[PDB]
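Here the structure is laid out as structure tokens; the discussion comes afterwards.
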Amino acid sequence: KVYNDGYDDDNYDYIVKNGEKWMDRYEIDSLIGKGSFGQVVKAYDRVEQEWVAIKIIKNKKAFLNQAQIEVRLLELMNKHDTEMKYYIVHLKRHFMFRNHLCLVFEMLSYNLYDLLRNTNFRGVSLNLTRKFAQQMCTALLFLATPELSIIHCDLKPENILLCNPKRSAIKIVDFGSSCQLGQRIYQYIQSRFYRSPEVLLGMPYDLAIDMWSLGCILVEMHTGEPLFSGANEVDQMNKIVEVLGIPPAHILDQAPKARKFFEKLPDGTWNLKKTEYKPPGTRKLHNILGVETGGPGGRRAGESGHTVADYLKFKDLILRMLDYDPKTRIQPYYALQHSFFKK
Ligand SMILES: CCOc1cc(/C=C2\SC(=S)NC2=O)ccc1O
């Protein structure tokens, strides 16, 4: 059997051969990314004389359609003249090659999960976390612009990449799961660890879900471990409740999936259903962050910029990003005005 004249495998992924040249321009070096959508490869562009990442979409209608949306959003974002756009990954060009849609991006360095792995999952400093935090809030502010109103929908450490390995500048990648503000066609969205409560509760969602994700990411970056690492959605919600308490009554009353995690008593109050968890709100972020005990695990004790005063600024901001209510949850503009960022 042969697929796409022998260019494709059984999955209709392009069979990548190191050293291959495409259209007398791009020289394929190696495969750098693998996904349901297709593959990502590192290539040299002879014309621009630079390294580029090429996202090779699978040769199937479904995956092509998904990527077409990705392209519109990427091109829409690149359209704006604002300087905030530079925190978003830049799509240089797109083309059809051997029945595969290919997105050409600027080559980027290690993702934030790689950084975590490199620390043996013990996290990076508050100073570097602040730098990452400021850039991400700026990125979300840009996404929040009315013309765009883009929800990334899959924010996580892996999806945040450094421009250069020796600088701290970051760019958000993978808009393949992104959508614009509108009707909640998709209920099951976001990576589980970074999934907002509104999504878990099957309620309407806005751009605030990304902000929730950011809060989880920022805590994760400093500690090295996901704030909430549920094995399932129920476990996810229970892990959120451990830190933040039972969600407010006004939310759960409106929540279609409230009874998946909670039960409503005769008095009309909400409790966790029975089916190993600390009581609601007793896994304090104050202690997770090690505000008063020299940071997480005491590894930051004696380090500049790791004072109680510093940690309290970080904690307050995080707690504003992890507001249960998406209408009151801090917005990118206000987050950038937080005392955590002041000099
Ligand atoms: C290992 C992936 O490395 C890169 C990845 C991207 C962008 C991607 S990957 C994906 S999946 N969707 C994107 O937009 C850009 C530059 C890179 O160096």
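Simple scheme: letters A, B, ... for chains in structure tokens order, numbers from 1 for residues in each chain, numbers from 1 for ligands in the order shown.
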
Pull the closest atom pair for each residue of chain A that gets at most 6 Å from ligand 1, along with the distance in Å to one decimal, counting only C-alpha atoms and all ligand atoms, ordering rows by chain and then ascending residue number, as JSON lines.
{"residue": "A:32", "atom": "CA", "partner": "ligand 1", "partner_atom_place_in_ligand_line": "1 (C)", "distance": 4.6}
{"residue": "A:33", "atom": "CA", "partner": "ligand 1", "partner_atom_place_in_ligand_line": "1 (C)", "distance": 4.8}
{"residue": "A:53", "atom": "CA", "partner": "ligand 1", "partner_atom_place_in_ligand_line": "16 (C)", "distance": 5.0}
{"residue": "A:105", "atom": "CA", "partner": "ligand 1", "partner_atom_place_in_ligand_line": "15 (C)", "distance": 5.2}
{"residue": "A:106", "atom": "CA", "partner": "ligand 1", "partner_atom_place_in_ligand_line": "16 (C)", "distance": 5.6}
{"residue": "A:107", "atom": "CA", "partner": "ligand 1", "partner_atom_place_in_ligand_line": "18 (O)", "distance": 4.1}
{"residue": "A:108", "atom": "CA", "partner": "ligand 1", "partner_atom_place_in_ligand_line": "18 (O)", "distance": 3.6}
{"residue": "A:109", "atom": "CA", "partner": "ligand 1", "partner_atom_place_in_ligand_line": "18 (O)", "distance": 5.6}
{"residue": "A:173", "atom": "CA", "partner": "ligand 1", "partner_atom_place_in_ligand_line": "14 (O)", "distance": 4.4}
{"residue": "A:174", "atom": "CA", "partner": "ligand 1", "partner_atom_place_in_ligand_line": "12 (N)", "distance": 3.2}
{"residue": "A:175", "atom": "CA", "partner": "ligand 1", "partner_atom_place_in_ligand_line": "14 (O)", "distance": 5.7}

If we count only C-alpha atoms and set the cut-off at 10 Å, which residues sit around residue 304 in chain A, ignoring sequence neighbours fewer than 6 positions away in its own chain? Please answer as a PDB file with C-alpha atoms, in the first residue's frame.
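After the write, part-v5.pdb holds the following:
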ATOM      1  CA  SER A 125      13.264  32.166  40.342  1.00  0.00           C
ATOM      2  CA  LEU A 126      10.572  34.744  41.141  1.00  0.00           C
ATOM      3  CA  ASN A 127      12.619  37.237  39.100  1.00  0.00           C
ATOM      4  CA  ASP A 310       8.001  40.050  47.155  1.00  0.00           C
TER       5      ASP A 310
END

- Could you check how far CA of residue 94 in chain A sits from CA of residue 63 in chain A, in Å to one decimal?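 Separating CA of residue 94 in chain A from CA of residue 63 in chain A is a distance of 15.0 Å.
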
- Shortest interatomic distance to residue 140 in chain A - which of A:274, A:24, A:306, A:330, counting only C-alpha atoms: A:330

- Message: Which of range 165-263 of chain A end up as alpha helix (DSSP H) when DSSP is run on this backbone - answer as a ChimeraX atom specification?
- Response: /A:197-200,208-223,233-244,249-252

If we count only C-alpha atoms, what is near residue 46 in chain A at a cut-off of 9 Å, once residues fewer than 2 positions away on the same chain are taken out, given as a CSV table (one decimal) with N, CA and C atoms, in the first residue's frame?
chain,number,residue,atom,x,y,z
A,24,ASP,N,13.3,24.3,-3.9
A,24,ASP,CA,14.6,25.0,-4.0
A,24,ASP,C,14.7,26.1,-3.0
A,25,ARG,N,14.2,25.9,-1.8
A,25,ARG,CA,14.1,27.0,-0.8
A,25,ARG,C,14.4,26.4,0.6
A,26,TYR,N,13.6,25.6,1.1
A,26,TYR,CA,13.6,25.1,2.5
A,26,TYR,C,14.4,23.7,2.5
A,27,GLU,N,15.4,23.7,3.4
A,27,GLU,CA,16.1,22.4,3.6
A,27,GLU,C,15.7,21.8,4.9
A,44,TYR,N,16.0,25.1,7.1
A,44,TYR,CA,16.7,26.3,6.7
A,44,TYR,C,16.1,26.9,5.4
A,48,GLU,N,15.6,33.6,2.7
A,48,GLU,CA,15.7,34.6,3.8
A,48,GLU,C,17.0,34.4,4.6
A,49,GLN,N,17.6,33.3,4.4
A,49,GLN,CA,18.9,32.9,5.0
A,49,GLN,C,18.7,32.9,6.5
A,50,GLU,N,17.8,32.0,7.0
A,50,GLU,CA,17.5,31.9,8.4
A,50,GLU,C,16.8,30.5,8.7
A,51,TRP,N,16.9,30.1,9.9
A,51,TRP,CA,16.2,28.9,10.4
A,51,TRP,C,14.7,29.2,10.6

- Query: Hey, what's within 12 Å of residue 264 in chain A if we count only C-alpha atoms and toss same-chain stuff fewer than 4 positions away? As a list in words, please?
  - Reply: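 Surrounding residues, per the criterion: residues 246, 249, 252, 253, 255, 258, 259, 260, 268, 269, 270, 271, 272 and 273 of chain A.
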
- Message: Need the shell around residue 311 in chain A: protein/DNA/RNA residues with any atom at most 12 Å away, counting only C-alpha atoms. Skip same-chain ones fewer than 4 positions apart. Format as a PyMOL selection string?
- Response: chain A and resi 125-127+129-130+219+222+285-296+300-301+304-307+315-318+339-340

- Query: Excluding same-chain residues fewer than 3 positions from residue 112 in chain A, what lies within 12 Å of it counting only C-alpha atoms, as a PyMOL selection string?
  - Reply: chain A and resi 108-109+115-119+121+123-124+128-129+132+155-163+165+168-173+217-218+220-222+224

Please produce a file of the residues just selected, as a PDB file, in the first residue's frame, where the atoms kept are C-alpha atoms.
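After the write, again.pdb holds the following:
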ATOM      1  CA  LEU A 108      12.225  29.655  18.539  1.00  0.00           C
ATOM      2  CA  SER A 109      14.158  28.141  21.478  1.00  0.00           C
ATOM      3  CA  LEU A 115      13.079  24.781  31.566  1.00  0.00           C
ATOM      4  CA  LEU A 116      11.075  23.050  34.303  1.00  0.00           C
ATOM      5  CA  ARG A 117      12.454  19.624  33.322  1.00  0.00           C
ATOM      6  CA  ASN A 118      15.966  21.100  33.312  1.00  0.00           C
ATOM      7  CA  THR A 119      15.503  22.230  36.949  1.00  0.00           C
ATOM      8  CA  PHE A 121      10.936  20.197  38.351  1.00  0.00           C
ATOM      9  CA  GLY A 123      11.086  25.701  39.234  1.00  0.00           C
ATOM     10  CA  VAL A 124      12.783  28.988  38.284  1.00  0.00           C
ATOM     11  CA  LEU A 128      12.372  35.126  35.935  1.00  0.00           C
ATOM     12  CA  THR A 129       8.748  34.274  36.789  1.00  0.00           C
ATOM     13  CA  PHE A 132       7.461  35.672  32.088  1.00  0.00           C
ATOM     14  CA  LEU A 155      -2.160  27.807  27.458  1.00  0.00           C
ATOM     15  CA  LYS A 156       0.487  25.658  29.160  1.00  0.00           C
ATOM     16  CA  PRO A 157       4.304  25.713  29.759  1.00  0.00           C
ATOM     17  CA  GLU A 158       4.928  23.640  26.605  1.00  0.00           C
ATOM     18  CA  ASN A 159       3.063  26.242  24.523  1.00  0.00           C
ATOM     19  CA  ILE A 160       5.292  29.088  25.780  1.00  0.00           C
ATOM     20  CA  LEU A 161       8.721  29.306  24.096  1.00  0.00           C
ATOM     21  CA  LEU A 162      11.852  31.460  24.508  1.00  0.00           C
ATOM     22  CA  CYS A 163      12.943  33.525  21.483  1.00  0.00           C
ATOM     23  CA  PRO A 165      18.094  30.387  24.773  1.00  0.00           C
ATOM     24  CA  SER A 168      14.114  35.675  28.721  1.00  0.00           C
ATOM     25  CA  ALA A 169      11.852  36.888  25.883  1.00  0.00           C
ATOM     26  CA  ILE A 170       8.922  34.515  25.276  1.00  0.00           C
ATOM     27  CA  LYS A 171       6.351  33.932  22.522  1.00  0.00           C
ATOM     28  CA  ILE A 172       3.060  32.009  22.743  1.00  0.00           C
ATOM     29  CA  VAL A 173       2.729  29.315  20.054  1.00  0.00           C
ATOM     30  CA  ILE A 217       1.296  28.432  34.841  1.00  0.00           C
ATOM     31  CA  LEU A 218       2.953  31.173  36.915  1.00  0.00           C
ATOM     32  CA  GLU A 220       3.878  26.155  38.248  1.00  0.00           C
ATOM     33  CA  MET A 221       6.892  28.050  36.885  1.00  0.00           C
ATOM     34  CA  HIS A 222       8.059  29.070  40.372  1.00  0.00           C
ATOM     35  CA  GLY A 224       8.202  23.449  39.217  1.00  0.00           C
TER      36      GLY A 224
END

- Task: Do a neighbour search on residue 7 in chain A at 12 Å with only C-alpha atoms, toss out local chain neighbours closer than 6 positions, and write the hits as a PyMOL selection string.
- Result: chain A and resi 1+13-17+58-59+97-100

Take the residues from that selection and put them in a file with N, CA, C and O atoms, as a compact mmCIF listing (two decimals), in the first residue's frame.
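See again-v3.txt below for the written result:
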# COMPACT_ATOMS: atom_id res chain seq x y z
N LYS A 1 0.87 -1.22 0.00
CA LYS A 1 0.00 0.00 0.00
C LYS A 1 0.88 1.24 0.00
O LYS A 1 1.98 1.23 0.56
N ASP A 13 0.44 11.69 7.59
CA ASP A 13 1.55 12.55 7.96
C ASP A 13 2.60 12.48 6.86
O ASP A 13 2.86 11.39 6.34
N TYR A 14 3.20 13.62 6.51
CA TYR A 14 4.28 13.65 5.54
C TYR A 14 5.48 12.91 6.12
O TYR A 14 5.92 13.22 7.22
N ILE A 15 6.01 11.94 5.36
CA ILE A 15 7.19 11.20 5.78
C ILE A 15 8.39 12.14 5.65
O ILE A 15 8.78 12.50 4.55
N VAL A 16 8.97 12.50 6.80
CA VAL A 16 10.02 13.51 6.87
C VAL A 16 11.38 12.84 6.66
O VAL A 16 11.73 11.90 7.37
N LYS A 17 12.13 13.35 5.68
CA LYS A 17 13.48 12.87 5.40
C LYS A 17 14.45 14.02 5.64
O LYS A 17 14.39 15.05 4.96
N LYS A 58 -1.50 17.49 8.60
CA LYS A 58 -1.83 16.18 8.06
C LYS A 58 -2.66 16.33 6.79
O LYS A 58 -3.46 17.26 6.67
N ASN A 59 -2.48 15.39 5.86
CA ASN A 59 -3.19 15.39 4.59
C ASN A 59 -4.58 14.77 4.77
O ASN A 59 -4.84 13.66 4.32
N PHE A 97 2.24 22.18 0.14
CA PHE A 97 3.32 21.36 -0.38
C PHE A 97 2.92 19.89 -0.32
O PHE A 97 2.68 19.35 0.76
N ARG A 98 2.85 19.26 -1.50
CA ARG A 98 2.54 17.84 -1.66
C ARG A 98 1.28 17.47 -0.88
O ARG A 98 1.26 16.47 -0.17
N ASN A 99 0.24 18.30 -1.04
CA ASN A 99 -1.08 18.09 -0.47
C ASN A 99 -1.11 18.42 1.03
O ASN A 99 -2.14 18.25 1.68
N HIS A 100 0.02 18.90 1.56
CA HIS A 100 0.10 19.32 2.96
C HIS A 100 0.14 20.84 3.05
O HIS A 100 0.96 21.48 2.40

- Task: Please report, as a ChimeraX atom specification, each residue of range 94-151 of chain A to which DSSP assigns strand (DSSP E or B) when run on this structure's backbone.
- Result: /A:94-97,100-106,111,150-151
